[PDB]
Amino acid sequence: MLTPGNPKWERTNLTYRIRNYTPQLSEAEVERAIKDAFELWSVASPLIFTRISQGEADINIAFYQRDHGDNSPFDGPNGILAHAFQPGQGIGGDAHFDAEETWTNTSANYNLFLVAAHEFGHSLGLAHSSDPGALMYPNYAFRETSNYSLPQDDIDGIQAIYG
């Protein structure tokens, strides 16, 4: 639940930028999924996420395939859906999504909202949880995204780090 090292952000207002998009969704659906994902965490912590359209942000979001400059190369369809880096500089906090996945804003494989939510947990300093019902569980498992309210274990996790 608590990323080893207890890494966390010192600023409460973090900027993020969607650097690019996946052809499978309009920029809007991606935008929406990403904003809602940050909102899941902001409603359970003091963190406030602000979107910028160009420039460098605290949290860069991007869809890449295979090798993409951080040597945690993606692996084509399925398997690794995405990853993020713990609070830090440059790549720290950034979230990368495998561009070769079947991204969607709905429930089928793979719901971008849910994955982004999960990755942002990492972006904020959360490690994986052993609770199968937790968003930070190691494996992707769809949950009703509509009224989807951050699982309690994840709330405990983020609260433990930021209060």
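Note that the rigid core is defined as the largest set of C-alphas that superpose within 1.5 Å between two forms. The first residue of the sequence shown is number 1, and the count goes up from there.
(message) Please tell me which region, 124 to 132 or 102 to 110, has C-alphas lying farther from the displayed form on average in 9 other deposited structures of this protein, with superposition done on the core.
(response) More C-alpha displacement in 9 other deposited structures of this protein shows up in 102 to 110.
(request) Read off the CA B-factors in the entry, average them over 37 to 45 and over 125 to 133, and name the higher stretch. (result) Comparing 37 to 45 with 125 to 133, the higher mean C-alpha B-factor belongs to 125 to 133.
(message) Going by the mean C-alpha B-factor recorded in the entry, which is higher: 5 to 13 or 135 to 143?
(response) The stretch with the larger mean CA B-factor is 5 to 13.
(message) What third of the chain does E29 rank in for C-alpha temperature factor, lowest, middle or highest?
(response) Ranked within chain, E29 CA B lands in the highest tercile.
(message) Where does the C-alpha B-factor of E119 rank in its chain, lowest, middle or highest third?
(response) It belongs to the lowest third of the chain when residues are ordered by C-alpha B-factor.
(request) Using the B-factors in the PDB entry, rank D58's C-alpha atom against the chain and give the third, lowest, middle or highest. (result) For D58, whose C-alpha B-factor we compare with every modelled residue in the chain, the answer is the middle third.
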